>>> print(open('input-v1.cif').read())   # mmCIF, C-alpha atoms and all ligand atoms
data_coords
#
loop_
_atom_site.label_atom_id
_atom_site.label_comp_id
_atom_site.auth_asym_id
_atom_site.auth_seq_id
_atom_site.Cartn_x
_atom_site.Cartn_y
_atom_site.Cartn_z
CA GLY K 2 0.00 0.00 0.00
CA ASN K 3 0.88 3.66 -0.38
CA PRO K 4 2.87 5.18 2.49
CA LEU K 5 1.22 7.37 5.09
CA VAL K 6 3.59 9.93 6.62
CA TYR K 7 3.17 12.73 9.13
CA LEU K 8 4.45 16.22 9.86
CA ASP K 9 3.99 17.66 13.37
CA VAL K 10 4.06 21.45 13.04
CA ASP K 11 4.68 24.27 15.55
CA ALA K 12 4.04 27.99 15.08
CA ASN K 13 6.20 30.22 17.30
CA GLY K 14 7.10 27.20 19.38
CA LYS K 15 3.59 25.96 20.12
CA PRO K 16 2.08 22.88 18.46
CA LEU K 17 -0.60 23.23 15.80
CA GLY K 18 -1.09 19.50 15.37
CA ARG K 19 -0.35 16.88 12.75
CA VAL K 20 -0.62 16.79 8.97
CA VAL K 21 -0.97 13.24 7.61
CA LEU K 22 -0.07 12.73 3.95
CA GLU K 23 -0.68 9.82 1.59
CA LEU K 24 2.23 9.39 -0.83
CA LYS K 25 1.06 8.06 -4.22
CA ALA K 26 3.85 5.54 -4.72
CA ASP K 27 1.56 3.66 -7.11
CA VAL K 28 1.86 6.61 -9.55
CA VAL K 29 5.19 8.28 -8.65
CA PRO K 30 7.25 5.71 -6.73
CA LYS K 31 10.58 7.54 -6.95
CA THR K 32 9.11 10.84 -5.79
CA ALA K 33 7.10 9.18 -3.03
CA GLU K 34 10.14 7.27 -1.78
CA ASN K 35 12.23 10.44 -1.58
CA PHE K 36 9.63 12.19 0.55
CA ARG K 37 9.02 9.11 2.72
CA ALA K 38 12.71 8.73 3.55
CA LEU K 39 13.11 12.46 4.22
CA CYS K 40 10.25 12.16 6.74
CA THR K 41 11.82 9.22 8.56
CA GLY K 42 15.31 10.71 8.38
CA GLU K 43 16.69 7.24 7.73
CA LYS K 44 19.40 8.46 5.31
CA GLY K 45 20.80 10.78 8.00
CA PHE K 46 19.05 13.98 6.89
CA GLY K 47 15.51 15.13 6.24
CA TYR K 48 12.67 17.36 7.26
CA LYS K 49 12.84 17.15 11.06
CA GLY K 50 13.49 20.60 12.50
CA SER K 51 13.03 22.46 9.21
CA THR K 52 10.47 25.13 8.35
CA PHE K 53 7.59 26.25 6.16
CA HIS K 54 9.55 29.20 4.78
CA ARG K 55 7.17 30.46 2.06
CA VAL K 56 3.42 30.60 2.64
CA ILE K 57 0.95 32.47 0.42
CA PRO K 58 -2.70 32.66 1.55
CA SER K 59 -5.17 31.33 -0.99
CA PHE K 60 -2.33 29.52 -2.80
CA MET K 61 -0.01 27.13 -0.96
CA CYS K 62 2.33 26.40 1.94
CA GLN K 63 5.94 25.56 0.99
CA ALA K 64 8.58 23.75 3.03
CA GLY K 65 11.42 21.27 2.72
CA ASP K 66 14.56 23.43 2.49
CA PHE K 67 16.34 21.66 5.34
CA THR K 68 19.79 22.91 4.29
CA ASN K 69 19.32 26.70 3.81
CA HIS K 70 15.83 27.26 5.28
CA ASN K 71 15.03 29.90 2.67
CA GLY K 72 14.08 28.31 -0.67
CA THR K 73 17.56 27.99 -2.15
CA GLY K 74 18.43 24.57 -0.75
CA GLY K 75 17.38 21.03 0.07
CA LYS K 76 18.53 17.79 -1.52
CA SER K 77 17.02 14.44 -2.42
CA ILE K 78 17.93 10.97 -1.20
CA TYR K 79 19.30 10.26 -4.68
CA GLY K 80 21.59 13.27 -5.06
CA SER K 81 21.14 17.00 -5.29
CA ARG K 82 18.24 16.83 -7.76
CA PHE K 83 16.19 14.22 -9.60
CA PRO K 84 14.00 14.16 -12.72
CA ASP K 85 10.32 14.92 -13.04
CA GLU K 86 8.85 11.43 -12.74
CA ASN K 87 5.53 12.17 -14.49
CA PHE K 88 2.77 14.78 -14.44
CA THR K 89 -0.12 12.32 -14.20
CA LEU K 90 -1.63 13.56 -10.92
CA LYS K 91 -3.09 17.05 -11.13
CA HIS K 92 -3.32 20.04 -8.79
CA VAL K 93 -7.02 19.42 -8.29
CA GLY K 94 -7.75 21.33 -5.08
CA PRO K 95 -6.83 22.01 -1.47
CA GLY K 96 -4.64 19.37 0.12
CA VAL K 97 -2.58 18.42 -2.94
CA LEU K 98 1.07 17.65 -2.15
CA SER K 99 3.50 18.60 -4.93
CA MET K 100 7.21 19.12 -5.54
CA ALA K 101 8.67 22.61 -5.68
CA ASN K 102 11.30 23.13 -8.36
CA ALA K 103 13.49 25.60 -10.24
CA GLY K 104 12.50 24.39 -13.68
CA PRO K 105 12.30 20.98 -15.34
CA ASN K 106 14.03 18.10 -13.59
CA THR K 107 15.11 19.99 -10.46
CA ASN K 108 13.25 18.13 -7.72
CA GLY K 109 15.13 18.01 -4.43
CA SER K 110 13.35 18.13 -1.10
CA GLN K 111 11.22 21.28 -1.26
CA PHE K 112 7.49 20.66 -1.51
CA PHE K 113 4.20 22.46 -1.13
CA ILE K 114 0.67 21.77 0.04
CA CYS K 115 -1.97 23.57 -2.00
CA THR K 116 -4.85 25.40 -0.33
CA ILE K 117 -6.77 25.89 -3.62
CA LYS K 118 -6.87 24.27 -7.07
CA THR K 119 -3.70 25.40 -8.88
CA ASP K 120 -4.25 24.16 -12.43
CA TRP K 121 -1.47 26.27 -13.97
CA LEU K 122 1.08 24.10 -12.16
CA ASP K 123 -0.13 20.95 -13.96
CA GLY K 124 2.64 19.68 -16.20
CA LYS K 125 5.25 21.76 -14.36
CA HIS K 126 5.27 20.37 -10.79
CA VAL K 127 5.09 16.68 -9.89
CA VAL K 128 2.09 15.94 -7.69
CA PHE K 129 2.79 13.00 -5.42
CA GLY K 130 0.21 12.88 -2.63
CA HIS K 131 -2.49 14.58 -0.63
CA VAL K 132 -3.59 15.46 2.89
CA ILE K 133 -5.42 12.60 4.65
CA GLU K 134 -5.87 14.39 7.98
CA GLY K 135 -4.94 17.80 9.31
CA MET K 136 -6.29 20.30 6.82
CA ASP K 137 -7.09 22.41 9.90
CA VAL K 138 -3.34 22.55 10.55
CA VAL K 139 -2.69 23.50 6.93
CA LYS K 140 -5.24 26.32 7.19
CA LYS K 141 -3.48 27.59 10.33
CA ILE K 142 -0.12 27.56 8.51
CA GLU K 143 -1.71 29.32 5.54
CA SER K 144 -3.06 32.05 7.83
CA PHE K 145 0.52 32.90 8.88
CA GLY K 146 1.60 33.64 5.30
CA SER K 147 1.50 36.79 3.21
CA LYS K 148 1.33 37.86 -0.42
CA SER K 149 5.15 37.97 -0.53
CA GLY K 150 5.40 34.50 0.97
CA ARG K 151 7.08 35.78 4.14
CA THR K 152 5.67 34.09 7.22
CA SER K 153 4.48 36.07 10.23
CA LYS K 154 5.19 33.21 12.66
CA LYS K 155 8.08 30.73 12.67
CA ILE K 156 6.54 27.52 11.31
CA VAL K 157 8.61 24.44 12.22
CA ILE K 158 8.23 20.74 11.42
CA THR K 159 9.22 19.55 14.89
CA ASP K 160 8.73 15.84 14.17
CA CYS K 161 7.94 13.72 11.13
CA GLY K 162 7.92 10.10 10.14
CA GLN K 163 6.08 7.18 8.62
CA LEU K 164 2.81 5.78 9.94
CA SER K 165 2.44 2.89 7.47
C1 LIG O 201 18.66 25.79 -6.18
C2 LIG O 201 18.78 24.43 -6.87
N1 LIG O 201 18.14 23.40 -6.04
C3 LIG O 201 17.33 23.78 -4.89
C4 LIG O 201 15.90 24.02 -5.28
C5 LIG O 201 15.48 25.29 -5.65
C6 LIG O 201 14.16 25.50 -6.00
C7 LIG O 201 13.69 26.86 -6.43
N2 LIG O 201 13.21 27.72 -5.36
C8 LIG O 201 11.93 28.14 -5.39
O1 LIG O 201 11.18 27.80 -6.28
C9 LIG O 201 11.50 29.04 -4.32
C10 LIG O 201 11.63 28.69 -2.96
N3 LIG O 201 11.26 29.53 -2.02
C11 LIG O 201 10.77 30.74 -2.35
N4 LIG O 201 10.60 31.10 -3.67
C12 LIG O 201 10.98 30.28 -4.65
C13 LIG O 201 10.82 30.69 -6.09
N5 LIG O 201 10.07 32.39 -3.73
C14 LIG O 201 9.92 32.83 -2.47
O2 LIG O 201 9.47 33.94 -2.18
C15 LIG O 201 10.34 31.82 -1.59
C16 LIG O 201 13.26 24.46 -5.99
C17 LIG O 201 13.66 23.19 -5.61
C18 LIG O 201 14.99 22.98 -5.26
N6 LIG O 201 15.41 21.70 -4.89
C19 LIG O 201 16.17 20.92 -5.86
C20 LIG O 201 17.67 21.01 -5.55
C21 LIG O 201 18.31 22.10 -6.37
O3 LIG O 201 18.99 21.82 -7.34
#
>>> encode(input="input-v1.cif", output="structure tokens")
Amino acid sequence: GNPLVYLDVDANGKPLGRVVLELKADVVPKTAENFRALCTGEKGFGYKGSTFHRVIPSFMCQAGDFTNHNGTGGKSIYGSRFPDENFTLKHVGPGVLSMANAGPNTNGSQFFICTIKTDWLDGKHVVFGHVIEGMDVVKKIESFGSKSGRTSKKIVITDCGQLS
């Protein structure tokens, strides 16, 4: 079955709760496996302790830069970047989990959770999962963003891992 993973998120040092994500390994196994392993930390690096550094209300919440914490960094379990696996899953609505990138074939570790349908990203960002539980937490994160993406609270993934 497809992995279930979790992110436990704080804002300004107080817990918001847990976001549970299904990773669609049946569609995008390489992309799912990268995210899964970055949640468990089993390769010796990953999302634990990193931040949602770019959050835009009515768009998305972006995280995963565990090296530079600002959108310039992150790395995959395979190397610094890996190819776009496919574009089969679409940005259909709130709760979609998708890879951030800097152009074609530049997936690393940065990712975003959509808070609206973002159809213009179809064919450009690899969708690889969705929120199973914790959209309330996502809406809290979203509420601490701004048009510029700068967050108004420090949003930290304090813990993360694999549920199944
Ligand atoms: C740098 C190369 N590089 C890291 C890398 C960079 C981006 C691109 N960065 C962004 O898209 C991004 C991030 N954060 C913010 N913005 C943007 C546009 N705008 C904001 O206001 C905040 C996306 C993925 C990776 N990982 C793959 C590994 C890799 O080769």
>>> residues_around(input="input-v1.cif", residues="residue 73 in chain K", least_positions_apart="5", cutoff="12 Å", atoms="all atoms listed in the file", output="PyMOL selection string")
chain K and resi 54-55+64-68+81+101-103+107+109-111
>>> residues_around(input="input-v1.cif", residues="residue 53 in chain K", least_positions_apart="6", cutoff="8 Å", atoms="only C-alpha atoms", output="NGL selection string")
:K and (62-65 or 155-158)
>>> write_last_selection(input="input-v1.cif", atoms="C-alpha atoms", output="PDB file, keeping the file's coordinate frame")
ATOM      1  CA  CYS K  62       2.330  26.400   1.940  1.00  0.00           C
ATOM      2  CA  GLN K  63       5.940  25.560   0.990  1.00  0.00           C
ATOM      3  CA  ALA K  64       8.580  23.750   3.030  1.00  0.00           C
ATOM      4  CA  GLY K  65      11.420  21.270   2.720  1.00  0.00           C
ATOM      5  CA  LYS K 155       8.080  30.730  12.670  1.00  0.00           C
ATOM      6  CA  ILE K 156       6.540  27.520  11.310  1.00  0.00           C
ATOM      7  CA  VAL K 157       8.610  24.440  12.220  1.00  0.00           C
ATOM      8  CA  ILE K 158       8.230  20.740  11.420  1.00  0.00           C
TER       9      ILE K 158
END
>>> residues_near_point(input="input-v1.cif", point="(-2.8, 16.7, -3.0)", cutoff="9 Å", atoms="only C-alpha atoms", output="PyMOL selection string")
chain K and resi 22-23+90-99+114-115+128-132
>>> residues_near_point(input="input-v1.cif", point="(10.2, 19.7, 12.6)", cutoff="6 Å", atoms="all atoms listed in the file", output="VMD selection string")
chain K and resid 49 to 51 157 to 160
>>> closest_residue(input="input-v1.cif", among="K:40, K:122, K:145, K:163", to="residue 13 in chain K", atoms="only C-alpha atoms")
K:145
>>> atom_distance(input="input-v1.cif", atom1="CA of residue 125 in chain K", atom2="CA of residue 60 in chain K")
15.9 Å
>>> residues_around(input="input-v1.cif", residues="residue 151 in chain K", least_positions_apart="4", cutoff="7 Å", atoms="all atoms listed in the file", output="ChimeraX atom specification")
/K:55-56,146-147
>>> closest_residue(input="input-v1.cif", among="K:57, K:38, K:24, K:8", to="ligand LIG 201 (chain O)", atoms="all atoms listed in the file")
K:57
>>> atom_distance(input="input-v1.cif", atom1="CA of residue 113 in chain K", atom2="CA of residue 2 in chain K")
22.9 Å
>>> closest_residue(input="input-v1.cif", among="K:154, K:75, K:126, K:118", to="ligand LIG 201 (chain O)", atoms="all atoms listed in the file")
K:75
>>> closest_residue(input="input-v1.cif", among="K:72, K:141, K:87, K:6", to="residue 153 in chain K", atoms="all atoms listed in the file")
K:141
>>> atom_distance(input="input-v1.cif", atom1="CA of residue 29 in chain K", atom2="CA of residue 137 in chain K")
26.4 Å
>>> closest_residue(input="input-v1.cif", among="K:9, K:104, K:36, K:58", to="residue 140 in chain K", atoms="all atoms listed in the file")
K:58
>>> closest_residue(input="input-v1.cif", among="K:161, K:12, K:100, K:139", to="ligand LIG 201 (chain O)", atoms="all atoms listed in the file")
K:100
>>> axis_aligned_box(input="input-v1.cif", around="range 6-21 of chain K", padding_each_side="8 Å", output="AutoDock Vina command-line options")
--center_x 3.0 --center_y 20.1 --center_z 13.4 --size_x 24.2 --size_y 36.3 --size_z 29.5
>>> decode(input="input-v1.cif", residues="range 2-153 of chain K", atoms="C-alpha atoms", output="compact mmCIF listing (two decimals), in the first residue's frame")
# COMPACT_ATOMS: atom_id res chain seq x y z
CA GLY K 2 0.00 0.00 0.00
CA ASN K 3 0.88 3.66 -0.38
CA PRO K 4 2.87 5.18 2.49
CA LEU K 5 1.22 7.37 5.09
CA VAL K 6 3.59 9.93 6.62
CA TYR K 7 3.17 12.73 9.13
CA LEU K 8 4.45 16.22 9.86
CA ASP K 9 3.99 17.66 13.37
CA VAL K 10 4.06 21.45 13.04
CA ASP K 11 4.68 24.27 15.55
CA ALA K 12 4.04 27.99 15.08
CA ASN K 13 6.20 30.22 17.30
CA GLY K 14 7.10 27.20 19.38
CA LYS K 15 3.59 25.96 20.12
CA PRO K 16 2.08 22.88 18.46
CA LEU K 17 -0.60 23.23 15.80
CA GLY K 18 -1.09 19.50 15.37
CA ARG K 19 -0.35 16.88 12.75
CA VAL K 20 -0.62 16.79 8.97
CA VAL K 21 -0.97 13.24 7.61
CA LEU K 22 -0.07 12.73 3.95
CA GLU K 23 -0.68 9.82 1.59
CA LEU K 24 2.23 9.39 -0.83
CA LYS K 25 1.06 8.06 -4.22
CA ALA K 26 3.85 5.54 -4.72
CA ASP K 27 1.56 3.66 -7.11
CA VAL K 28 1.86 6.61 -9.55
CA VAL K 29 5.19 8.28 -8.65
CA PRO K 30 7.25 5.71 -6.73
CA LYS K 31 10.58 7.54 -6.95
CA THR K 32 9.11 10.84 -5.79
CA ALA K 33 7.10 9.18 -3.03
CA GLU K 34 10.14 7.27 -1.78
CA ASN K 35 12.23 10.44 -1.58
CA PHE K 36 9.63 12.19 0.55
CA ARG K 37 9.02 9.11 2.72
CA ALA K 38 12.71 8.73 3.55
CA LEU K 39 13.11 12.46 4.22
CA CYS K 40 10.25 12.16 6.74
CA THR K 41 11.82 9.22 8.56
CA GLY K 42 15.31 10.71 8.38
CA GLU K 43 16.69 7.24 7.73
CA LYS K 44 19.40 8.46 5.31
CA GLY K 45 20.80 10.78 8.00
CA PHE K 46 19.05 13.98 6.89
CA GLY K 47 15.51 15.13 6.24
CA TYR K 48 12.67 17.36 7.26
CA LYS K 49 12.84 17.15 11.06
CA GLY K 50 13.49 20.60 12.50
CA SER K 51 13.03 22.46 9.21
CA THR K 52 10.47 25.13 8.35
CA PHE K 53 7.59 26.25 6.16
CA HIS K 54 9.55 29.20 4.78
CA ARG K 55 7.17 30.46 2.06
CA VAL K 56 3.42 30.60 2.64
CA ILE K 57 0.95 32.47 0.42
CA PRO K 58 -2.70 32.66 1.55
CA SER K 59 -5.17 31.33 -0.99
CA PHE K 60 -2.33 29.52 -2.80
CA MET K 61 -0.01 27.13 -0.96
CA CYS K 62 2.33 26.40 1.94
CA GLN K 63 5.94 25.56 0.99
CA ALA K 64 8.58 23.75 3.03
CA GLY K 65 11.42 21.27 2.72
CA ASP K 66 14.56 23.43 2.49
CA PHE K 67 16.34 21.66 5.34
CA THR K 68 19.79 22.91 4.29
CA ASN K 69 19.32 26.70 3.81
CA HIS K 70 15.83 27.26 5.28
CA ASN K 71 15.03 29.90 2.67
CA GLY K 72 14.08 28.31 -0.67
CA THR K 73 17.56 27.99 -2.15
CA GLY K 74 18.43 24.57 -0.75
CA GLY K 75 17.38 21.03 0.07
CA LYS K 76 18.53 17.79 -1.52
CA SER K 77 17.02 14.44 -2.42
CA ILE K 78 17.93 10.97 -1.20
CA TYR K 79 19.30 10.26 -4.68
CA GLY K 80 21.59 13.27 -5.06
CA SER K 81 21.14 17.00 -5.29
CA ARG K 82 18.24 16.83 -7.76
CA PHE K 83 16.19 14.22 -9.60
CA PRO K 84 14.00 14.16 -12.72
CA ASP K 85 10.32 14.92 -13.04
CA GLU K 86 8.85 11.43 -12.74
CA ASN K 87 5.53 12.17 -14.49
CA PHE K 88 2.77 14.78 -14.44
CA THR K 89 -0.12 12.32 -14.20
CA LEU K 90 -1.63 13.56 -10.92
CA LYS K 91 -3.09 17.05 -11.13
CA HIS K 92 -3.32 20.04 -8.79
CA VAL K 93 -7.02 19.42 -8.29
CA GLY K 94 -7.75 21.33 -5.08
CA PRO K 95 -6.83 22.01 -1.47
CA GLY K 96 -4.64 19.37 0.12
CA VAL K 97 -2.58 18.42 -2.94
CA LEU K 98 1.07 17.65 -2.15
CA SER K 99 3.50 18.60 -4.93
CA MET K 100 7.21 19.12 -5.54
CA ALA K 101 8.67 22.61 -5.68
CA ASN K 102 11.30 23.13 -8.36
CA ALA K 103 13.49 25.60 -10.24
CA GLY K 104 12.50 24.39 -13.68
CA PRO K 105 12.30 20.98 -15.34
CA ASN K 106 14.03 18.10 -13.59
CA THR K 107 15.11 19.99 -10.46
CA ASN K 108 13.25 18.13 -7.72
CA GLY K 109 15.13 18.01 -4.43
CA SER K 110 13.35 18.13 -1.10
CA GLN K 111 11.22 21.28 -1.26
CA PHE K 112 7.49 20.66 -1.51
CA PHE K 113 4.20 22.46 -1.13
CA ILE K 114 0.67 21.77 0.04
CA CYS K 115 -1.97 23.57 -2.00
CA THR K 116 -4.85 25.40 -0.33
CA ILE K 117 -6.77 25.89 -3.62
CA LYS K 118 -6.87 24.27 -7.07
CA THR K 119 -3.70 25.40 -8.88
CA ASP K 120 -4.25 24.16 -12.43
CA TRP K 121 -1.47 26.27 -13.97
CA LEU K 122 1.08 24.10 -12.16
CA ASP K 123 -0.13 20.95 -13.96
CA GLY K 124 2.64 19.68 -16.20
CA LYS K 125 5.25 21.76 -14.36
CA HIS K 126 5.27 20.37 -10.79
CA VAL K 127 5.09 16.68 -9.89
CA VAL K 128 2.09 15.94 -7.69
CA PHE K 129 2.79 13.00 -5.42
CA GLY K 130 0.21 12.88 -2.63
CA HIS K 131 -2.49 14.58 -0.63
CA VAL K 132 -3.59 15.46 2.89
CA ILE K 133 -5.42 12.60 4.65
CA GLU K 134 -5.87 14.39 7.98
CA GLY K 135 -4.94 17.80 9.31
CA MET K 136 -6.29 20.30 6.82
CA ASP K 137 -7.09 22.41 9.90
CA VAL K 138 -3.34 22.55 10.55
CA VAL K 139 -2.69 23.50 6.93
CA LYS K 140 -5.24 26.32 7.19
CA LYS K 141 -3.48 27.59 10.33
CA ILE K 142 -0.12 27.56 8.51
CA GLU K 143 -1.71 29.32 5.54
CA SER K 144 -3.06 32.05 7.83
CA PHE K 145 0.52 32.90 8.88
CA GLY K 146 1.60 33.64 5.30
CA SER K 147 1.50 36.79 3.21
CA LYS K 148 1.33 37.86 -0.42
CA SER K 149 5.15 37.97 -0.53
CA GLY K 150 5.40 34.50 0.97
CA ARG K 151 7.08 35.78 4.14
CA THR K 152 5.67 34.09 7.22
CA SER K 153 4.48 36.07 10.23
